[PDB]
There are 2 protein chains.
Amino acid sequence: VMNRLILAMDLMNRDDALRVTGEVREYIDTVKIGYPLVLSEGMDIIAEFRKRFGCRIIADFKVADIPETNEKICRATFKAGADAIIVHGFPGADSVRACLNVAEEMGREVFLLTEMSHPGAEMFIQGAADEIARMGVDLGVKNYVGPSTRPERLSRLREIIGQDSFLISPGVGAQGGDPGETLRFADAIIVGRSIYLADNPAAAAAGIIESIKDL
Amino acid sequence: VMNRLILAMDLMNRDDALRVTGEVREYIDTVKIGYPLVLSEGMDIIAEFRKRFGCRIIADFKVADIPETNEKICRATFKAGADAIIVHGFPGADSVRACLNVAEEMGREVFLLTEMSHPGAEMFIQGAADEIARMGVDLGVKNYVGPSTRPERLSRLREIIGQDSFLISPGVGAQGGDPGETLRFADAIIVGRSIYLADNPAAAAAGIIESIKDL
Ligand SMILES: Cc1cc(=O)[nH]c(=O)n1[C@@H]1O[C@H](COP(=O)(O)O)[C@@H](O)[C@H]1O
Ligand SMILES: Cc1cc(=O)[nH]c(=O)n1[C@@H]1O[C@H](COP(=O)(O)O)[C@@H](O)[C@H]1O
């Protein structure tokens, strides 16, 4: 990922989302698009962004259903042009395998979300996260998401998945995570509001990149 | 819910989804619409169904993000005309509260998914399910989802939530659950493929209702 920075584009208006993404395009080459934008503007927004910006698109859909439904969700998401999809591991191995099967059929990638970044993640997810990660390894998952807000947990996730696996990390900026510390363990950081709510998103992205190059 | 039966409309084509829903409308008055249909046909499908069929719509979006994103997802879903949304409890109390806050602002309902119906649910979700349910009670959740495939677990969920709470249950038919047994504990059953993949969906729905009235 260009500059190890992934934009979390969670504005809910097509015009604002296009404006911000265009302003920061030189600093990124991967955009994470989730349900706030998709449920407001339609799945066609994925192919529009892919074309206009020539970026890779990660669909952050936190897929968390039974295996049969997960297959349908993944098929629709890849048909819409997403390069990868984020999948929850908490629903278990069969649900993750269903997503892996569709990604294999369509030449795409799955990212497994193993521990979340918000405070509530401590209640149930944290205590399962190591086992969710190990499940990922045993299923052959190569791409993972873990939390910038808890770098000791990010270190433990990296320990389980090994150095060859790709690890991206949200919670930088707004949720309190630090870019440099997070990049001790993650390959790339995800940043949303610290960029897209800034008075000058390009200057915000540049500031982050400047602190990244210093590592 | 009319006849204690909720149609899980997970066909991915608007014409087929409209045909089946129209054929079974006399047997139901609540349609559950999820991401297979929404990500294939757009969020506008919710208002279309609500109008054409005069049904209640439950958006089965298994909301499972951080609190800030959950608020955006719920706002977009209610703006699209959904009467209620299904929310995962596994991400913790703050994530569930975010959904409850938006439902309160917009005069809608949250259904909390506490234990899932597929085999993988045994790995991580089952061991947290009682505590997820108790969390729901403490947050004031009044609507719950639990698994037809494990009626002993459905009984335990009913025990925690009490008789006044509303409980709906998927996994009937295709996944192996039984309508009558499930309705010992749930107020309503969700049925998808046993109806929408049948040669005659109306006859399939009628058959289920006939076995329900017998209780
Ligand atoms: C992928 C994900 C997992 C998670 O544990 N935490 C998280 O924030 N996310 C998403 O990353 C983005 C974080 O954005 P900011 O906090 O930087 O605004 C939002 O899209 C969240 O939904
Ligand atoms: C709500 C939900 C939770 C869950 O634990 N199990 C489940 O099947 N679902 C959904 O119910 C429906 C079950 O459909 P059939 O198995 O009856 O086809 C699908 O939409 C599933 O995504």
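Criteria and thresholds
Residues numbered from 1 in each chain as written, not as in the entry; some residues may be left out. Chains lettered and ligands numbered in written order. Heavy atoms only, no water. Near = heavy atom within 4 Å. Polar contact = N/O pair within 3.5 Å; in protein donor to acceptor, adjacent residues only side chain to side chain. Areas by Shrake-Rupley, 256 points an atom, 1.4 Å probe, with all protein chains shown as cover. Nonpolar A, V, L, I, M, F, W, Y, C, P; charged D, E, K, R; others polar. Buried < 20%, exposed > 50% of the residue type's maximum accessible area, 1.4 Å probe, protein only. Helix = DSSP H or I, 4+ residues; strand = E, 2+ residues; numbered from the N terminus. Arc of directions from axis to C-beta. Contact = heavy atoms within 4.5 Å. Buried area = accessible area lost by both parts, 1.4 Å probe. Salt bridge = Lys/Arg side-chain N within 4 Å of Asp/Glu carboxyl O. UniProt positions renumbered as here; feature names shortened; annotations may be inferred. Least-squares fit on C-alpha atoms. Pairing = 2+ DSSP bridges. Axes fitted to C-alpha atoms, helices over the stretch in contact; angles between N-to-C directions. Parallel < 35°, antiparallel > 145°, perpendicular 65-115°, else oblique. Left-handed = near helix turned anticlockwise from the far one by under 90°.

**Describing the site of ligand 2**
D65(A), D10(B), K32(B), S117(B) and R193(B) are the nearest of the 17 residues found near ligand 2. Two or more chains meet at ligand 2, and those chains are chains A and B. Separating a nitrogen atom of ligand 2 from a side-chain N or O atom of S117(B) is a distance of 2.8 Å. When isolated, ligand 2 has an accessible area of 480 Å², and the protein chains bury 99% of it. Its residues placed into classes, the shell around ligand 2 shows seven nonpolar, four polar and six charged.

**Brief notes about helix 3 (residues 44–53) of chain A**
Residues and elements named next belong to chain A. Among all positions of helix 3, only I45, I46, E48, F49 and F53 are buried. Each buried residue of helix 3 lies within a common arc of 165 degrees when the element is viewed along its axis, so the set occupies one face. Of the residues in helix 3, the exposed ones pointing more than 90 degrees away from the buried face are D44 and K51. On its buried side, helix 3 packs onto strand 1 (5–9), helix 1 (14–24), strand 2 (30–34), helix 2 (35–41) and strand 3 (56–63).

**With respect to the interface of chain B and chain A**
Taken residue by residue, the interface counts 44 residues in chain B and 44 residues in chain A. Summing the contributions of chain B and of chain A, the shared interface buries around 3,300 Å²; its carbon and sulfur component is 69%. Three residues, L39(B), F90(B) and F124(B), lead the burial of chain B against chain A; their summed loss comes to 21% of the area buried on that side. Counting across the interface, chain B meets chain A through four salt bridges. A salt bridge links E68(B) to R193(A); the nearest nitrogen and oxygen atoms lie 2.8 Å apart. At the junction of chain B and chain A, the tally comes to 16 residue pairs in polar contact. Contributions of two or more residues to the side of chain B that touches chain A are made by helix 2 (35–41), strand 3 (56–63), helix 4 (67–79), helix 5 (93–106), helix 6 (125–139) and helix 9 (193–196) of chain B. It is helix 4 of chain B that contributes the most residues to the side of chain B that touches chain A, seven residues altogether. Residues belonging to the side of chain B that touches chain A are distributed by class as follows: 25 nonpolar, 11 polar and eight charged.

**So, the UniProt feature "active site" in chain A**
All names here are of chain A. According to UniProt, the positions carrying the feature "active site" are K62. Note that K62 resides in strand 3. Given the relative accessible area of 11%, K62 is considered buried. Looking at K62, its side chain comes within polar contact range of the side chain of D60, at 2.8 Å.

**So, the relation of the copies chain B and chain A**
Rotating chain B by 180 degrees and translating it 0.0 Å along the rotation axis places it on chain A, where the RMSD comes to 0.0 Å. One copy is carried onto the other by what is essentially a two-fold rotation axis. Ranked by how close their C-alpha atoms come to the rotation axis, the residues of chain B are headed by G42(B), at 3.0 Å. The overlap is high: 100% of the interface residues of chain B also sit at the interface in chain A, so the same surface is used on both sides.

**A look at the pattern of salt bridges**
Residues and elements named next belong to chain A. Applying the stated rule across the entire model yields 42 salt bridges over all chains. Here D130 ties to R156 by a salt bridge, and the two come within 3.0 Å at their closest N and O atoms. Of this pair, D130 sits in helix 6 (residues 125–139) while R156 is found in helix 7 (residues 151–161), placing the two residues 26 residues apart along the sequence. For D130, a relative accessible area of 17% corresponds to the buried category. One salt-bridge network, held together by shared partners, links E115, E122, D130, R134, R150, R153, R156 and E159.

**A look at the sheet that holds strand 3 of chain A**
Residues and elements named next belong to chain A. The parallel closed barrel is built from eight strands, whose spatial order is 1-2-3-4-5-6-7-8. On average, each strand axis in the sheet is inclined to that of its neighbour by 25 degrees, with strand direction left out of account. Relative to strand 8 (residues 188–191), strand 1 runs parallel, the two sharing three bridges. Bridging across to strand 8, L7 finds its partner in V191.

**Notes on the packing of helix 6 of chain A against helix 7 of chain A**
Residues and elements named next belong to chain A. Look at helix 6 against helix 7: their axes get within 9 Å of each other, and the N-to-C directions meet at 25 degrees. Here helix 7 runs roughly parallel to helix 6, going by the angle between their axes. Like other packed secondary-structure pairs, helix 6 and helix 7 cross with a definite hand, here right-handed. For the pair formed by helix 6 and helix 7, the contact residues are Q126, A129, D130, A133, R134 and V137 on the first element and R153, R156, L157, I160 and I161 on the second. Each residue belonging to the contact of helix 6 with helix 7 can be placed in one class, and the counts come to six nonpolar, one polar and four charged.

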